[PDB]
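Just so it is clear, none of the values below were taken in a lab; they were calculated from the coordinates. Methodologically, a virtual Cβ is constructed for each residue, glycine included, from the backbone with ideal geometry; neighbour enumeration extends over all protein chains shown.
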Amino acid sequence: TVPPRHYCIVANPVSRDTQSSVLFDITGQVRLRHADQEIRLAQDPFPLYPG
Amino acid sequence: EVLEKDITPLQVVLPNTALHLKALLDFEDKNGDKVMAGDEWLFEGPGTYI
């Protein structure tokens, strides 16, 4: 049961971090998803994950 | 549409007053070239801006 949730980093200010959830990977970087912990900026308005 | 209000585009020119701008999340947004960081500018003369 989840009513309100988001994936917004209000400009560069007030930004957020996370427990990593790396599902898609480019030809440059393939990363550990539930072993590492991550940091986030505005340049990432991609949606949410489970873990 | 989010994070909005009604700003009256304030103006000033010469000895009159001055504008102590900074860059909250900005690096290079204005005409001549490209600012280095979240640093600060002065504003003296005729018209205002964004």
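Numbers below:
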read-out	value
Matching residues, the range A:11-26, being free of Cβ contacts under 8 Å to residues at least 24 places away in the same chain and either in a loop (DSSP other than H, G, I, E, B) or within 23 Å of B:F27 (Cβ to Cβ) (or both)	A:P13, A:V14, A:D17, A:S20, A:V22, A:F24, A:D25, A:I26
Complete set of residues in the range B:37-50 that are away from chain A (no Cβ under 14 Å) and either part of a loop (DSSP other than H, G, I, E, B) or hydroxyl-bearing (S, T, Y) (or both)	B:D39, B:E40, B:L42, B:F43, B:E44, B:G45, B:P46, B:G47, B:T48, B:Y49, B:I50
Search result, residues across the range B:5-28 that are over 13 Å from B:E40 (Cα atoms) and of a type outside the set (A, V, I, L, M, F, W, C)	B:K5, B:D6, B:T8, B:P9, B:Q11, B:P15, B:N16, B:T17
Cross-chain or 6+ apart pairs with Cβ under 8 Å, the range A:27-48 first and away from chain B (no Cβ under 14 Å), then charged (D, E, K, R) and in a loop (DSSP other than H, G, I, E, B)	A:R31/A:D25; A:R40/A:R16; A:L48/A:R5
First in the range B:1-15 and in contact (Cβ under 8 Å) with a residue 12 or more places away in the chain, second anywhere and loosely packed, with under 10 Cβ neighbours inside 10 Å and part of a loop (DSSP other than H, G, I, E, B), Cβ under 6 Å, 6 or more apart	B:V13/B:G45; B:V13/B:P46
A:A11 being more than 10 Å from the chain's Cα centre (by Cα) and on the phi < 0 side of the Ramachandran plot	no
Selection within the range A:1-35 - surrounded by 11 or more Cβ atoms within 10 Å (Cβ to Cβ), within 30 Å of B:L24 (Cβ to Cβ) and among the charged types (D, E, K, R)	A:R16
Qualifying residue in the range B:6-15 (condition: part of a loop (DSSP other than H, G, I, E, B) and closer than 22 Å to A:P13 by Cα)	yes
Out of B:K34, B:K22, sole residue that is among the basic types (K, R) and within 14 Å of chain A (Cβ to nearest Cβ)	B:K22
Filter pass, A:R5 being out of contact with any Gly (no Cβ under 7 Å at 6 or more places or on another chain), more than 14 Å from chain B (Cβ to nearest Cβ), closer than 24 Å to B:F27 by Cα and not acidic (D, E)	no
Criterion (surrounded by 10 or more Cβ atoms within 10 Å (Cβ to Cβ) and of a type outside the set (D, E, K, R)) met by exactly one of B:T8, B:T17	B:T17
